[PDB]
Each structure stands twice: as structure tokens, then as C-alpha cells.
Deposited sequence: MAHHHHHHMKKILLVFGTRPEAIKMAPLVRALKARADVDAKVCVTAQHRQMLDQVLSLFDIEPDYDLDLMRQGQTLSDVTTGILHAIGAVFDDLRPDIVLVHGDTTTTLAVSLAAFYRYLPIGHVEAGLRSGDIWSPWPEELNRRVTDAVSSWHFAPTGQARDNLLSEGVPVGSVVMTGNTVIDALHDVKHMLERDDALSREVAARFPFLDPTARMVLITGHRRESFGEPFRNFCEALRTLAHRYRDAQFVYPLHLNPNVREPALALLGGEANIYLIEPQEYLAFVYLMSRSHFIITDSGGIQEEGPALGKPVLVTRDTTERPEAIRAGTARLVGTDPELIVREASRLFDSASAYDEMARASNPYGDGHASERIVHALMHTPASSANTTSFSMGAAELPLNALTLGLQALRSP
């Protein structure tokens, strides 16, 4: 294990997407693969670590209630050095577009430590949307020595920014690897599938289900309030449908969600769900309403219509294919688009088409090759 590879990540979406790559690298006897978590998230990170049986070698222990962007940035810069010093890695792998990604990349760049960016080249073209994720991925890509692009379009973004062609490997997105792994867990074990389903005894098998998440930082405040009012209007219009909403732990969305949506009989506010259960819910859903990046990739892959509650996106493929539509946080538009999917089975069939531009679920192997060769509702 001469080559030392340090994988670093901090949040739920990074952990899910990095898990298959961690597994692949740890399995090898000619790589010394180590994991450092920044713990930018705690519970939402731990849910992933436990599911995929990943015990980090280092944990920077950073999360505090109501932390700021500056808190996370400084926390990482202060604490990561001891990790770099202890291991002396040959390469640092970072993921995606969180403040963890940014701060780890800066720290490594400052020390001439080569960085590989898993999920490289996604762009909205707007430094204020998503905020600060667009900045985070742009900085990371500027300083990275390998760029693992999930699509040809992301590759093209990098090349247009002056990234050398030899640095960019179009590998697809490891989220497909993770999704397939979990889909298999469910399909291959009926006992497991039964247990997962039994976590949601409030679900009615005869009722259509809509699955909801929301946490984009630029949407805090008024846009989120409008999104919640749209959900209320929909819940009132479709009293026979069930609206299942796994909350996010960020207080800026958890508290208003509870305050605004807590009194509706057919809105089920639940805790953030471990990925196994969440894939079950996505698969069960009639459609999805979300501003999540990863769900914009997973939903269309599962053939589920996605109403994207953003005014822009860095995942254009599903939009172009029709399986996702941008609805922003305009209540009238959200209600209109959701209502069409309930009211028109022909609209639903026209929209519910599998779309996956992200590869065959073996992105992790391609990255490795490049480098080496019951739930109770809240009320």
C-alpha cells in the first residue's frame, strides 16, 4: 500500500456519493486508503457512515448548532493540517460542492498536496445560485489536479475554463453506484424490504404519495415560506394523497417547516431518513418535489417526475429530457405543475420516463482506474 489516498467529506450527500469509492479503494491491497470526515454534519453524516459500514480514520468533530459558513471554513482549515501531517497522503480526494469541499481543497492547495475532485465541473453560471455551492465547486475545480466529471457537459465546462484535457476524466456520477447498491439491498432481501416499509405505518397503500425535501440556502426565508404555502394548497386540494416530507436539520428550514406545515393531516413531516429508507420512499413515490442536487439525479434515474423548486439548476439533462421541470418557489406554478401530475395520467406517463446521463453505476471503478493506472410524524 505505497500510494496513500485520503478521502475527505463532511455532509450527507458527499458521504452517499463517496461511499462506493471508499469501498473500492479500501478493498485494494496496493492502496493505503484513509477516510477523514470533517463532521460538518453529525446525525445526517452518521446515518450514511453506519449504513455503508464506514469507520472514519479521522473525525474533525466540527458541527455546532446554527454554525456559519465562516465557522465551517475556519474549523476545517485549523484542524485538517494535523491529518495531512499524520498521514502524508499522495492525493486528497474531495467531493462535490460543500464548504467542506472548498476548505479542504484550499488547505491542500496551500501545501502542494494534489487534489482529485469527485463530481467536477457542474455549473449553474450564477455565483449567487446555488449559494455558496457554485463558488465552492469553481474554487475546487481551479485548484484540482484530477477532475472526475459526471457528464460530457461538465467536462465541457472544465475545458472552457482552461482545465487541461488530460486532467479531466468523464467517469459518470458515483451516485448511480450508490443508488444501485441500495436498490439491490431492497430487491435481494424481502425481510429487509418489509422492515423498511414497516417504518412508515401511516402510509396507505391505496394513496398516491408525493415525496418532498427542501434546503437550498438561497431559498431561506421568503422563497421557502412560499414553497410551504404551495404544499398546504396542494394538501388541501388532494386530501386523499399523502405528502411525505423528511425534514432537514438546518434550523432555517426545520423550524419554519414545523411551524407552517405541522397542522395538516396529510402532510407527514418526518426526520431525515437514512439512505436505504429514502430510496424506498423515492421508489414508492408518485412524484417528487425537491431542491436537492442528488435527488435531481436519482429521481429521474428511477423514472419519477421531479418538480425542482429552484429558479436554476446545474443538472440540465433531466430538464431537457422532460423528466424534471423547474418550478422555483412560485406557489401558483408549483401547484399548477403538481396538480397536472395528479389530474392527468397522460401527462404523468409523458413525464415519468427514466433519464440517466450519469453512467452505468461503475463510476467508482473508473475513478480508481484513473488514479491507479418506526418513523413517527412530527407534530
Without any C-alpha position in the structure, which residue ranges of the deposited sequence would you list, numbering from 1?
1 to 7, 381 to 395, 402 to 413
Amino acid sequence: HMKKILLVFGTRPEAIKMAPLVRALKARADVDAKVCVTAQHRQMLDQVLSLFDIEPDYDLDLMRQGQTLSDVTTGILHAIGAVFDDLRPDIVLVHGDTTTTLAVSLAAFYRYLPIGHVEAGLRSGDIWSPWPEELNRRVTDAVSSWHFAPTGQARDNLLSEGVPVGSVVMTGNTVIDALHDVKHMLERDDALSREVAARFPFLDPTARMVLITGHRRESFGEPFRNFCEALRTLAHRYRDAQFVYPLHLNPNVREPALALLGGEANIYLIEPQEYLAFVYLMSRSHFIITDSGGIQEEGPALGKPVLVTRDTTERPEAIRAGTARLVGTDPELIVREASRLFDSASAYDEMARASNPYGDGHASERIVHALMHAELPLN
From here on, numbers count along this sequence of modelled residues.
Segment of higher mean CA temperature factor, 5 to 13 or 19 to 27:
19 to 27
On average, which has the higher Cα B-factor in the deposited entry, 86 to 94 or 244 to 252?
86 to 94
Quick one: which of 294, 75, 201, 221 has the biggest Cα B-factor according to the entry?
201
Going by the CA temperature factor in the entry, name the top one among 134, 190, 271, 119.
190
Chain thirds of CA B-factor: placement of residue 123
lowest
Consider only the C-alpha atoms of the modelled residues in this chain, order them by B-factor as the entry records it, and name the third containing residue 321: lowest, middle or highest.
highest
Split the chain's modelled residues into thirds by Cα B-factor; is residue 130 in the lowest, middle or highest one?
lowest
Residue 167: CA temperature factor from the record, placed by chain third, in the highest
With respect to C-alpha B-factor, does residue 111 fall in the lowest, middle or highest third of the chain as deposited?
middle
